[PDB]
Amino acid sequence: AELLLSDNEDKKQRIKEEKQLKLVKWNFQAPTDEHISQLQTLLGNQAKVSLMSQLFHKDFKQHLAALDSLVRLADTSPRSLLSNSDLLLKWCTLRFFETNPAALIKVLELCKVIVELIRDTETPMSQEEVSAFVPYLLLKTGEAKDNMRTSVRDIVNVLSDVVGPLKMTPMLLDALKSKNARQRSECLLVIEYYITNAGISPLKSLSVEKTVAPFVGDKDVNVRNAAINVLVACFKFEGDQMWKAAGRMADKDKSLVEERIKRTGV
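Residue numbering for the sequence shown follows PDB author numbering, beginning at 602 and increasing consecutively.
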């Protein structure tokens with residue numbers, strides 16, 4: 602009987618073709634016809650046309666049907682999801698640009714299943730696969746609903762295990778350039794968790810203290826509080842080196858951080 606979605610090793614061929622500059626890089630600001638057509642060609646070589654017709658419909662409806670079929674493969678053909686993880690995660694990023702909460706819930710459920718299978722099987726994720734997915738998933742950290750931010754962070758927590766703090770942090774730092782204050786604060790909270798659990802030393806080449814310090818002065822209280830807590834987490838590991846690494850801070854920003862240190866240690 603035929604699989605709805607292939608189980609082969611064509612992922613290696615896709616990664617190699619991208620490195621050979623024979624695939625366009627999934628690094629757009631917003632999806633373009635060129636990226637969608639490339640994905641549709643690559644997925645067309647892996648998926649039955651009835652899945653393909655749903656995947657590239659307009660009709661959010663028709664996406665839910667594809668998502669249901671794909672989520673069920675986790676039970677019946679999990680190697681299909683693994684073999685095609687890079688293409689499925691790219692299709693999910695296209696869904697990150699639409700506003701439709703019902704579809705989003707099911708997209709995130711698919712993303713969760715895929716990153717759990719990658720983690721559990723110890724499947725390596727290439728830099729290309731990571732970069733194609735994570736920067737767009739981080740957009741959804743700015744979702745207005747608290748349960749939606751939670752679902753996104755649960756996927757980030759699996760990827761942090763697969764990818765590791767050192768390779769995740771540059772994308773989390775880059776996310777701070779966002780206009781969306783929920784995205785900036787949620788991204789700081791992930792950095793805070795890395796430092797609390799593994800220390801600042803593994804992250805030393807990244808200039809975390811200095812990049813994060815200006816956000817103690819952010820307009821948004823959640824960003825300020827998380828930025829303060831990143832610097833306090835650093836302090837706990839490296840003491841006054843935190844201050845050297847951070848560089849010049851507004852005097853009043855520095856007092857807020859000093860008071861937080863004082864209070865968390867009484």
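We put the beta carbon where it would ideally sit given N, CA and C, even for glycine.
In this structure, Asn-823 lies near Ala-782, with their beta-carbon atoms less than 8 Å apart.
Taking a cut-off of 8 Å on C-beta distances, the segment 613 to 620 touches the segment 729 to 736, as three or more cross pairs fall below it. For the pair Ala-799 and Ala-847, the CB atoms are not nearer than the 8 Å cut-off. DSSP, read as helix, strand or coil, puts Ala-745 in coil.
As computed with DSSP, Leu-606 is found in a beta bridge with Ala-648. Counting every other CB atom within 10 Å of its CB across the protein chains shown gives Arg-696 a total of 16 or more, marking it as buried. Rounded to whole angstroms, the Cβ separation of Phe-816 and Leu-777 is 7 Å, and the two are in contact under 8 Å.
Look at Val-735 here: in three-state DSSP terms it is helix. At a Cβ-Cβ threshold of 8 Å, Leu-689 and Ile-715 count as neighbours. Counting of Cβ neighbours within 10 angstroms places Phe-836 among the buried residues, the total reaching 16 or more.
In this structure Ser-607 is in contact with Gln-647, their Cβ atoms being roughly 4 Å apart against a cut-off of 8 Å. Across the set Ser-651, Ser-686, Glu-810, the C-alpha of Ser-686 shows the shortest separation from the C-alpha of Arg-720. With a cutoff of 8 Å on beta-carbon distance, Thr-770 and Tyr-795 are scored as near each other.
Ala-851 carries a coil assignment under DSSP once its states are collapsed to helix, strand and coil. Cβ neighbours of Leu-682 within its own chain (closer than 8 Å, five residues either side excluded): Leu-606, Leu-671, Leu-674, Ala-675, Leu-689, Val-714, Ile-715, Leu-718. Separation of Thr-700 and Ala-745 (C-alpha to C-alpha, rounded to the nearest whole angstrom) is 12 Å. With respect to the C-alpha of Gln-614, the residue from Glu-729, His-658, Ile-792 having the closest C-alpha is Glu-729.
Here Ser-786 has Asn-823, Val-824, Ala-827 as same chain residues with Cβ atoms under 6 Å from its own Cβ, once five neighbours each way along the sequence are excluded. Within the segment 679 to 721, complete alpha helix (DSSP H) segments of at least 4 residues are found at 679 to 684, 686 to 696, 702 to 721, given in chain order. An exposed status is given to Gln-663, since fewer than 16 other beta-carbon atoms sit within 10 Å of its beta-carbon.
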